[PDB]
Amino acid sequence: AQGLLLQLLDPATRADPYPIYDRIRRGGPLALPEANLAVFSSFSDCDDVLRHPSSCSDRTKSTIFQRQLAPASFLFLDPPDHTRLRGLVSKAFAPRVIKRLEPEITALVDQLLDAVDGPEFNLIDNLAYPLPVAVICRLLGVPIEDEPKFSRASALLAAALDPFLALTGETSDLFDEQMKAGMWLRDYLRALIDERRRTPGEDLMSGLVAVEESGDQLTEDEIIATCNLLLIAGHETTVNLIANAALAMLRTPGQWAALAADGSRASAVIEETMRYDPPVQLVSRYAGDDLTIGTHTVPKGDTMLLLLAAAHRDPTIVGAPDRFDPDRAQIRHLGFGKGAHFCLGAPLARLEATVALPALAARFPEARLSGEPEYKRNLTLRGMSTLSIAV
């Protein structure tokens, strides 16, 4: 029960957490009020929490956080601040604006594929990781030559999304390092923001400074928090959509060959990967008031963990849920969330993967998995450090 949750955090289960997720879902919703916790795993319950007007994303409303104690980016804020801050960047991430990036993405993918040397290569280092990094750095106005340092700080803050406090009552062993990385990143971005008051940029950071300096809609601290969020999302997400999709195709009869032969399968491959092997495995909410999900009540202040990975494999929603099937009639997932905090990066992530995947398959139609992949320790933003492909 609580043993199953700790098995999820155990690194030994990272390569295949799905038996555990499925077992938890079969058992039903987990009400653990003595741990100030509730764990939802059905599609219905996760959907309901994401939409519930009393579900909060601000940690200040959390009993666990208030006890641990004894601005955050808008991912972790509620209205009105969430509404205002998301509103300020949503146009920048709209499909119409993101579509303009297709030539840059295509040139990057081609360059990266050109540089691949056989007979074996790590998809992570050679493609899945560097593509999204180049794009987000350009978008935000962060110099690509500073990437070595972003990468390490970014990796640490991605890891910080693991629900150690909720599941174990203690902070991560990485806590001190993560605070240091957070401070470094804020200071770093502050300096980039300050130079944009002197030299005109053509990037999102500059656009945000223009608004901040014109009125009361935005503070410098908020620009820092927003850009930090965007930079990290750009480093720590799409990489896993690409790599998880590659892995699922390599493991599933005919799938790599089918995409190599027909790039139009890319969209279905991507959405079925979001369902079957989600880059973001779980999200957290806090009950802003006593609330009901299905027949279960969650006390005000308790953490609600939503195991999206389990929800995507709910047999009441999808047939053969544990099969990777890009040809299935209905692909339904919550891999980009739902409602107020729905992923702002979804058009960009989709575009990045839509260009990358069919190009990869077409370039190496005879590709096979070489050995078994190695996983990072991360639970929430779960991904491979090594995915070896023999060409």
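We number the residues from 1 along the sequence you see.
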Indicate whether the chain is continuous between residue 70 and residue 71 or, if not, how many deposited residues are absent from the coordinates: none, 1 to 3, 4 to 9, or 10 or more.
-> 4 to 9
Entry B factor averaged over C-alpha atoms, 188-196 against 238-246: higher for 188-196
Look over 292-300 and 145-153 in the entry and identify the one with the greater average Cα temperature factor.
-> 145-153
Reading the B-factor column for Cα atoms of 119, 321, 79, 278, the highest value belongs to 119
Member of 287, 107, 181, 94 with the greatest C-alpha B factor (per the PDB record) | 181
Residue 363: C-alpha B-factor third of its chain, per the entry, is the highest
State the tercile, meaning the lowest, middle or highest third, of residue 44 with respect to the CA B-factors recorded for its chain.
-> middle
Select lowest, middle or highest to describe the third in which the CA B-factor of residue 26 falls within its chain in this entry.
-> highest
Just say lowest, middle or highest third for the CA B-factor of residue 177 relative to the other modelled residues in its chain.
-> highest
Would you please rank residue 215 by its C-alpha temperature factor against the other modelled residues of its chain and give the third it falls in: lowest, middle or highest?
-> highest
